[PDB]
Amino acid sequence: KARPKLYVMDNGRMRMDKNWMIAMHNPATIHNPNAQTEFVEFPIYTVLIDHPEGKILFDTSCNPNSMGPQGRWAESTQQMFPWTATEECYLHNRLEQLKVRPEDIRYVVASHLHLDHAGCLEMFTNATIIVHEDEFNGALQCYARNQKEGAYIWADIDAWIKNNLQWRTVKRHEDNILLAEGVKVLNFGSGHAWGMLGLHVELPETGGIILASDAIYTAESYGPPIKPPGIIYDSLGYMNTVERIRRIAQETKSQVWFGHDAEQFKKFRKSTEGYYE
């Protein structure tokens, strides 16, 4: 029958230029030539699926040692994308509170390898890390070219390699993957980043849930109409992916969980209050 529990874990808050999230949200005009943007706050979160076939983790938030003078993040990154989180927000702690040790995780699904999703991959040395092959390649290049700024953290990648993580790459033209009963990895491909993965979870009580991650930032992104983010890798791929998610949602009667929607996140039942069955 399979009766898993799905947990939403609060991994703190991030701020950044609204223009990153919604491209040209407030363009300058003849009467407002020096138009001002805003510095919006949004949640960073991860999802644990306590499944009888094994524990599945979607995204891993930011590394505890990201911010500060001795942080892994470049100063420019910290100033443009500041992450704030109490100690109880760290992924290791959120898992501990559920009496889950990193070594208990069978599968980690990395939606992508941005600094706010792949922060703690290095913990799960007993898991198979599932990632898009193009995203993996892209990140490894950033590392090889000794890129010290941008959304791919050199020090994080460094740790992945040293900790000898076990990778299973999703091929560009690879079908969706049945990870477990009612759990499907969605191959979104290029869009927001080089290679995006999603989850479709079918819960006996709650029903269908799509984890879109950064494929869809917020409800505003989702529309319709679609309001794309400030910087995109593959604009065409991004638009296709959103509409693909909308279709799947309609066809399977599934909720869509956005990557960084403050309003939606407030309404989630977090790991401090319970779970979804």
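Sequential numbering from 1, following the sequence displayed.
What stretch has the higher average Cα B-factor here, 113 to 121 or 142 to 150? Mean CA B-factor is higher for 142 to 150.
Would you tell me which stretch averages the higher CA B-factor in the PDB entry, 227 to 235 or 207 to 215? Here the higher of the two C-alpha B-factor means belongs to 227 to 235.
Out of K171, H200, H192, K99, highest CA B-factor residue: Comparing C-alpha B-factors across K171, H200, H192, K99, the top value belongs to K99.
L165, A85, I130, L186, ranked by C-alpha B-factor: the highest one: Answer, based on the entry's C-alpha B-factors: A85.
Third of the chain, ranked by Cα B-factor, where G54 sits: Middle third.
Taking the C-alpha B-factors as the PDB entry records them, is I177 in the lowest, middle or highest third of its chain? Middle third, going by the recorded CA B-factors of the chain.
Taking the entry's C-alpha B-factors for this chain, is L91 in the lowest, middle or highest third? Answer is highest: the recorded C-alpha B-factor places it there.
Sorting the chain's modelled residues by C-alpha B-factor, tell me whether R247 ends up in the lowest, middle or highest third. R247: CA B-factor falls in the middle third of its chain.
Where the record places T241 (Cα B-factor, split into thirds across the chain): Lowest third of the chain for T241's C-alpha B-factor.
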